[PDB]
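Data first, discussion second: the structure below is written as structure tokens.
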Amino acid sequence: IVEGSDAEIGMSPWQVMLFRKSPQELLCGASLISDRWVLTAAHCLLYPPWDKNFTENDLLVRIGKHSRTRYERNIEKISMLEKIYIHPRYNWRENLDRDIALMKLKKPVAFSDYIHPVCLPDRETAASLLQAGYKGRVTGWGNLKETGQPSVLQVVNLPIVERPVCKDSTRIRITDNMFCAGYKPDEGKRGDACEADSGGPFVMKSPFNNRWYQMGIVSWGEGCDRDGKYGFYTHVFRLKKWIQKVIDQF
Amino acid sequence: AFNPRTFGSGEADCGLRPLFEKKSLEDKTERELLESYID
Ligand SMILES: *C[C@@](*)(O)[C@H](CCCNC(N)=[NH2+])NC(=O)[C@@H]1CCCN1C(=O)[C@H](N)Cc1ccccc1
Ligand SMILES: *[C@@H]1O[C@H](CO)[C@@H](O)[C@H](O)[C@H]1NC(C)=O
Ligand code: NA
Ligand SMILES: [Zn+2]
Ligand SMILES: [Zn+2]
Ligand SMILES: [Zn+2]
Ligand SMILES: [Zn+2]
């Protein structure tokens, strides 16, 4: 996260850290949507060009983590994966269309003050909150700038950007399965997700029922926090049926 | 939306943080989002 701030303790209890098992290496972010299901970016799991094609056993996830250097005994939880599900129509060759994947934990985790799931949007919530100008929140342990890495989870709030403006900021082919967010050069504020923030959640607090909902997944961008450029996120609501199909399948 | 038996738990106890919403406490930047809703 570039130009962000430290997150307070327990501010993002659905925050998940995706790790490479051997050798241990932080790879991406992810989010906890239930006691056993974790959402993340497909490219975090499958991106052949970067020699990424992980199997359940190549990875570990850490939940409720406050520091990346030490182990909070009975606070942070390390879980193994039972199964990985990548969207079948994920286009890694071209524009990362449908950059979404689900991972089922081997054993469900107990919720605590530091571990709790984020909500997934319903039709009504998505309609009223997913509008240009409305701000969301992105969190992550990724790079502090185009490069280093933070010792505390980072956070930044960013406005959703109108489609036409997103489309003009890049020549990469944008789809309805993506939305972008970030401040315009003229808005005077900065901030963006960056390398290794992929998979992290872009969340919005519903003023209605006071619950946090995951609207997007950090997916891609060109550089980090550059003027006239915006971060792209997987449009979660648009792909909820696939999520339903997968979770209600297995 | 989700069958509890597959989803697990959480559908009904999501998006409410123990250390914030559960204690009626606002985090330090949350108001920025609320204000972005206000026109
Ligand atoms: C995997 C993630 O860590 C990462 C998140 C990037 C978020 N960046 C900003 N500014 N919010 N994604 C990437 O690194 C992805 C993976 C594939 C390459 N990529 C890119 O962002 C490229 N820089 C651009 C791109 C390449 C191919 C298809 C779409 C975009
Ligand atoms: C993933 O690795 C498996 C071999 O272990 C391979 O069959 C599959 O085609 C790979 N997925 C690709 C490269 O998209
Ligand atoms: Na920008
Ligand atoms: Zn500091
Ligand atoms: Zn290749
Ligand atoms: Zn701690
Ligand atoms: Zn609870």
Side-chain angles (χ1 to χ4, degrees), chain A residues 4-14 32-37 104-105 108-122 125 128-129 131 133-137 155-160 189 203-214 240 243-244 246-250, chain B:
Chain A
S5 314
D6 296 339
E8 317 162 64
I9 294 172
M11 176 193 280
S12 188
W14 34 80
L32 192 64
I33 65 177
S34 76
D35 60 15
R36 69 199 66 183
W37 289 96
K104 180 164 179 288
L105 303 184
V109 294
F111 297 154
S112 67
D113 279 1
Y114 315 97
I115 300 176
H116 254 83
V118 66
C119 305
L120 292 192
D122 54 284
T125 295
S128 57
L129 277 53
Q131 292 176 56
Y134 283 22
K135 297 179 180 176
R137 172 177 292 174
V155 59
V156 67
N157 300 324
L158 304 167
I160 296 167
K189 308 181 91 169
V203 302
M204 295 186 77
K205 180 161 183 176
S206 152
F208 317 135
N209 60 184
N210 221 47
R211 293 181 191 255
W212 293 85
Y213 285 90
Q214 179 169 177
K240 195 173 187 173
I243 293 178
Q244 289 176 161
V246 168
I247 292 181
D248 299 307
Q249 188 98 297
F250 152 104
Chain B
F2 302 109
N3 179 36
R5 213 137 123 164
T6 46
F7 195 58
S9 90
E11 252 247 61
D13 176 37
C14 69
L16 292 178
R17 309 169 291 180
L19 298 182
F20 289 95
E21 286 76 24
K22 253 46 187 298
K23 304 176 71 166
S24 283
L25 290 172
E26 274 170 352
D27 67 54
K28 72 183 177 197
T29 71
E30 125 169 21
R31 187 174 311 185
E32 177 166 28
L33 314 181
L34 170 52
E35 304 217 319
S36 82
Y37 292 131
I38 313 168
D39 211 289

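Letters go in sequence order (proteins before strands), and every chain restarts at 1.
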Check: So which part of A/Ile33 gets closer than 4.5 Å to some heavy atom of chain B, the side chain, the backbone, both or neither?
Finding: both

Check: Roughly how far, to the nearest 0.5 Å, is OH of B/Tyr37 from NZ of A/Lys205?
Finding: 9.5 Å

Next item on the list: Please name the pair of heavy atoms, one in A/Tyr114 and one in B/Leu19, separated by the smallest distance, quoted to 0.1 Å.
Entry: CE2-CD1, 3.8 Å

Margin query: Looking at chain A, which one of B/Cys14, B/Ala1, B/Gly10 has the largest number of heavy-atom pairs inside 4.5 Å, strictly under?
Written below: B/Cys14

Notebook entry, point to check: Which one, A/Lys104, A/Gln131, A/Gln249, A/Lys135, leads in non-hydrogen pairs under 4.5 Å with chain B?
Noted result: A/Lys135

Note to self: One thing to verify: whether B/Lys28 and A/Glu8 come together as a salt bridge, which I'm taking to mean a side-chain N less than 4.0 angstrom from a carboxylate O.
What the structure shows: no

Next item on the list: Might you point out which heavy atoms bring B/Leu16 and A/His116 nearest each other, and give the distance in Å?
Entry: O-CD2, 4.2 Å

Item checked: A/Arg211 side, atom CZ; B/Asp13 side, atom CG - distance, nearest 0.5 Å -> 7.0 Å

Next item on the list: Check each atom of A/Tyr213 against the heavy atoms of chain B and say whether the ones under 4.5 Å are side chain, backbone, both or neither.
Entry: neither

Next item on the list: Under 4.5 Å heavy-atom distance to chain B, tell me which part of A/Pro108 shows up: side chain, backbone, both or neither.
Entry: neither

Next item on the list: Name the region of B/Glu30, side chain, backbone, both or neither, that has any atom closer than 4.5 Å to a heavy atom of chain A.
Entry: both

Next item on the list: Please name the pair of heavy atoms, one in A/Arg36 and one in B/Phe7, separated by the smallest distance, quoted to 0.1 Å.
Entry: CG-O, 3.4 Å

Next item on the list: Give the intermediate values and the outcome of salt bridge (charged side-chain N to carboxylate O under 4.0 Å, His left out) for residues A/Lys189 and B/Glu32.
Entry: CA-CA 12 Å; A/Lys189 308 181 91 169; B/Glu32 177 166 28; 3.0 Å; yes

Note to self: With a 6.0 Å cut-off (strictly less than), is the heavy-atom count around CD1 of A/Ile9, excluding the residue itself, greater than 12?
What the structure shows: no

Margin query: To check you understand the geometry: which heavy-atom pair defines the closest contact between B/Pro18 and A/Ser112, and what is its length?
Written below: CG-O, 3.4 Å

Notebook entry, point to check: Is a side-chain donor or acceptor of A/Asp35 paired with a backbone partner of B/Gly8 at a separation under 3.5 angstrom?
Noted result: no

Next item on the list: Starting from the C-alpha separation in whole Å, work towards a yes-or-no answer on side-chain contact (heavy atoms from CB on, under 4.5 Å) for A/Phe111 and B/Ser9.
Entry: CA-CA 9 Å; A/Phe111 297 154; B/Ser9 90; 3.5 Å; yes

Check: Between B/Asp27 and A/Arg137, is the closest basic N to carboxylate O distance under 4.0 Å?
Finding: yes

Item checked: Shortest non-hydrogen contact from A/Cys119 toward B/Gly15 -> SG-N, 3.3 Å

Note to self: Which atoms of A/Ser128 are under 4.5 Å from chain B, going by heavy atoms: the side chain, the backbone, both sets, or neither?
What the structure shows: neither

Checklist line | Residue A/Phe250 versus chain B: region with a heavy atom under 4.5 Å | finding: backbone

Next item on the list: Please flag which part of A/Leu158 lies under 4.5 Å from any non-hydrogen atom of chain B: side chain, backbone, both or neither.
Entry: neither

Notebook entry, point to check: So what's closer than 4.5 Å to chain B heavy atoms on A/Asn209: side chain, backbone, both or neither?
Noted result: backbone

Item checked: Gap separating the CD atom of B/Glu11 from the CD1 atom of A/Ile247, nearest 0.5 angstrom -> 9.0 Å

Item checked: Distance, nearest 0.5 Å, that separates OG1 of B/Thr6 from CG of A/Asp248 -> 4.5 Å

